[PDB]
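In structure tokens, one chain follows: the form deposited in one PDB entry.
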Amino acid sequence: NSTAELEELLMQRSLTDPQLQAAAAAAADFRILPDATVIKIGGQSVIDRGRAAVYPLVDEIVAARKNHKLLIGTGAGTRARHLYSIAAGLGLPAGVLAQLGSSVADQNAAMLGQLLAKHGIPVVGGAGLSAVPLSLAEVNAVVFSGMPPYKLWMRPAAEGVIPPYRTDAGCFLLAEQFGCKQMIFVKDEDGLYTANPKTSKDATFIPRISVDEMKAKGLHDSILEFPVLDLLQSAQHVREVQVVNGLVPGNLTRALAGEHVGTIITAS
């Protein structure tokens, strides 16, 4: 493999050609924001709960950014579920629902950003390349809306019209795209259990698991969007994620310090 061979394949072959694909795989790997951590704040699990959940997270964010560069993406939550149900009932397709759901993640980003503004932390579009705030010790964090850009071009799920790629997927892909060091999902449960702990009383906590192990246990669709787990397996940069309970005070801060709170899900 050289640059010459790669460039010949790129000019002369279809992009579908396996030889071109292999040659491209050998390319160098630049990490755009290797020192950053992407964090997702759940919409339903955190922001929808209002002040008791959001205020302590704001304080953790403000403390944490002293030592940790953060990109903080927002979830959507119950308003998006409401839009999805109205639109699904009208027979609208997944691509129209995707657009509706972004508006809700945007609302949540706006509310979070207004709480963080006096601490110098902006809501941005383009979190990965908001180069200035991420470079200043006085800021060192940004907030972003966690929905992917796919809109009407959203790939539908195999069944039904609910967009399969939502804010878990949006935040994860940003972490993956920018070669971030860490991806933390902040939800309302301590992590992954052997069953849904809200429903089942005898669910057992799982500190660490691979995506394959999750699928083999039928946890494919549980605390993270199942499409996220497939993304994680194909990821180049972020080969594991951590799910933590944002309702526990200091849990985010402790996860940022390398404490193994919550569940670690590994690509392999």
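By rigid core we mean the largest C-alpha set that fits within 1.5 Å across both forms. Numbering starts at 1 and runs along the sequence shown. Only residues modelled in both forms are compared.
Omitted from view is the form deposited in another entry, to which the following refers.
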{"item": "Flagged residue of 182, 130, 140, 102 - C-alpha shift reaching 2 Å or more between the shown form and the other one, core superposed", "value": "130"}
{"item": "Cα-Cα trend for residue 224 and residue 134, given that in the other entry the distance shifts by 3 Å or more", "value": "farther"}
{"item": "In the other entry, whether the C-alpha atoms of residue 126 and residue 104 sit closer or farther than here (change of 3 Å or more)", "value": "closer"}
{"item": "Consecutive-residue runs (3+) with Cα displacement of 2 Å or more between the shown form and the other one, core aligned", "value": "126-138"}
